[PDB]
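Protein chains: 2
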Amino acid sequence: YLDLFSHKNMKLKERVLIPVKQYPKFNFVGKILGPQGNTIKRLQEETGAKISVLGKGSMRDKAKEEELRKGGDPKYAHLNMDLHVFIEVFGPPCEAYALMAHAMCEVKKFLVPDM
Amino acid sequence: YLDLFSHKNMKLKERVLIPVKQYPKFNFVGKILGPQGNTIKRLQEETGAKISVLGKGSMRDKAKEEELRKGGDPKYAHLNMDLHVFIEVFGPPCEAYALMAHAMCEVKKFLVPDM
Ligand SMILES: [Li+]
Ligand SMILES: [Li+]
Numbered sequence: 072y073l074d075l076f077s078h079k080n081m082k083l084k085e086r087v088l089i090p091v092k093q094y095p096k097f098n099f100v101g102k103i104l105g106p107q108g109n110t111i112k113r114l115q116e117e118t119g120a121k122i123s124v125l126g127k128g129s130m131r132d133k134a135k136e137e138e139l140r141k142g143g144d145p146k147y148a149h150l151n152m153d154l155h156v157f158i159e160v161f162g163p164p165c166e167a168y169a170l171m172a173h174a175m176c177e178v179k180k181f182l183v184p185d186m
Numbered sequence: 072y073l074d075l076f077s078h079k080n081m082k083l084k085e086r087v088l089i090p091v092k093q094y095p096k097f098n099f100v101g102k103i104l105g106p107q108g109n110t111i112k113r114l115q116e117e118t119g120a121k122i123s124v125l126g127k128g129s130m131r132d133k134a135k136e137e138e139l140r141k142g143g144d145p146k147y148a149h150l151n152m153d154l155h156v157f158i159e160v161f162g163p164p165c166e167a168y169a170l171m172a173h174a175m176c177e178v179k180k181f182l183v184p185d186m
């Protein structure tokens, strides 16, 4: 059950696949991060969600990625996953759902770019 | 992972406790259903969610409830639960989250009535 008077926040998290198969040559990583990561910065500010691009190719740098994978450091474990966008929100339920709805809708625009 | 090109819908479901302890004398069932259940009818149409009031007291009729519990029919199993509102939405992710956000926000107005 959700309890609207609880002192815990809700967390919502989603990992949305970047559709590399549907759009094999589209540079989603470049488009989502934007120059110096300003697009994703703005995306987070406008939606109030934490949003990261994770998985292989998320760093646009085959060689850097390979080197951070091979170090074995668990913070880079995500570099073996499928490329995806990771959205995380927290709050009381009404706010969490609303933030996730907003984030999910904005992210969907980037991931279905010919819509 | 969510796959935006999958043919499956997402389902989201929440059971939100009606806060009988915070408001021990407020008739939430009457207020939510409305005369002939028109309020909840309209609530569903406006939000696009399925919304039901379930659990003990959901029928405003101690004796009817007791009689349907005692028959043992599984469709009335919910009459032993804590009184709550049950929200269910389905769709592709952007739509599901947005419908749930809307439903959850409207329902919260009814359940925190002195806000
Ligand atoms: Li297309
Ligand atoms: Li109060």
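Taken in order, these protein sequences are the chains called A and B.
Every letter in the first sequence is one number past the one before it in full-length UniProt numbering, and letter 79, counting from 1, is 150.
Every letter in the second sequence is one number past the one before it in full-length UniProt numbering, and letter 111, counting from 1, is 182.
Cβ atoms here follow ideal geometry from the backbone N, Cα and C, with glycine treated the same way.
Review point. In angstroms, rounded to a whole number, what distance separates the CA positions of B/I122 and B/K84?
Key: Cα-Cα distance, rounded: 10 Å.
Check your understanding: B/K135 to B/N109, Cα distance in whole Å?
Key -> Their Cα atoms are separated by approximately 21 Å.
Q.
Quick check on DSSP: helix, strand or coil for B/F99?
A. Three-state DSSP puts B/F99 in a helix.
Specify whether the region 94 to 113 of chain B and the region 172 to 181 of chain A touch according to this definition: at least 3 beta carbon pairs, one from each stretch, less than 8 Å apart.
Counting Cβ pairs under 8 Å, fewer than three are found: no touch.
| C-beta neighbour in chain B for A/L150, strict 8 Å | No, its Cβ sits nowhere closer than 8 Å to a Cβ of chain B.
Buried or exposed: A/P164, going by 16 or more other Cβ atoms within 10 Å of its Cβ? Answer is buried; the Cβ neighbour count reaches 16.
If you follow the beta strand (DSSP E) that A/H155 is part of, which residue opens it and which one closes it?
For A/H155, the enclosing beta strand (DSSP E) has its first and last residue at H155 to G162.
- Query: How would you list, in chain order, the residues of chain B whose beta-carbon sits under 9 Å from the beta-carbon of A/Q93?
  - Reply: Residues of chain B whose Cβ lies closer than 9 Å to the Cβ of A/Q93 are, in chain order, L75 and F76.
Supposed close pair B/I103, B/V124 - CB separation, criterion 8 Å: About 6 Å separates the two Cβ atoms, so the contact holds.
Cβ pair A/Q93, B/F76 closer than 8 Å: Yes, these two residues count as a Cβ contact at 8 Å.
Original post:
What does A/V160 reach in chain B if we use C-beta pairs closer than 9 Å?
Top reply: Within chain B, no residue comes near A/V160; the closest Cβ sits about 10 Å away, beyond 9 Å.
- CA-to-CA distance, A/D153 to B/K133, given in whole angstroms: In this model, B/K133 and A/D153 are separated by some 54 Å (Cα to Cα).
heavy atom of ligand 2 below 7 Å from B/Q115 C-beta: Result no, Cβ not under 7 Å from ligand 2.
Does any residue of chain A have a CB that is nearer than 8 Å to the CB of B/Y147? With its beta carbon at least 8 Å from every one in chain A, B/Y147 lies outside the interface.
**Q.** Under 7 Å, CB to nearest heavy atom of ligand 1: contacting residues
**A.** Sorted by position in the chain, A/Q93, A/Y94 and A/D185 make up the residues whose C-beta lies under 7 Å from a heavy atom of ligand 1.
is_contact[A/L104, chain B] using C-beta, thresh 8 Å
Interface residue (Cβ-Cβ distance to chain B less than 8 Å): A/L104 is not classified as such.
Would you mind working out which of B/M130, B/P95, B/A120 and B/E117 sits nearest B/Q107, comparing C-alpha positions?
Comparing Cα positions, the closest option is B/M130.
Would A/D185 pass as an interface residue toward chain B - the criterion being a Cβ-Cβ separation below 8 Å? So no, A/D185 is outside the interface.
Reference A/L73, options A/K179, A/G162 and A/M171, closest by Cα
Answer by Cα proximity: A/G162.
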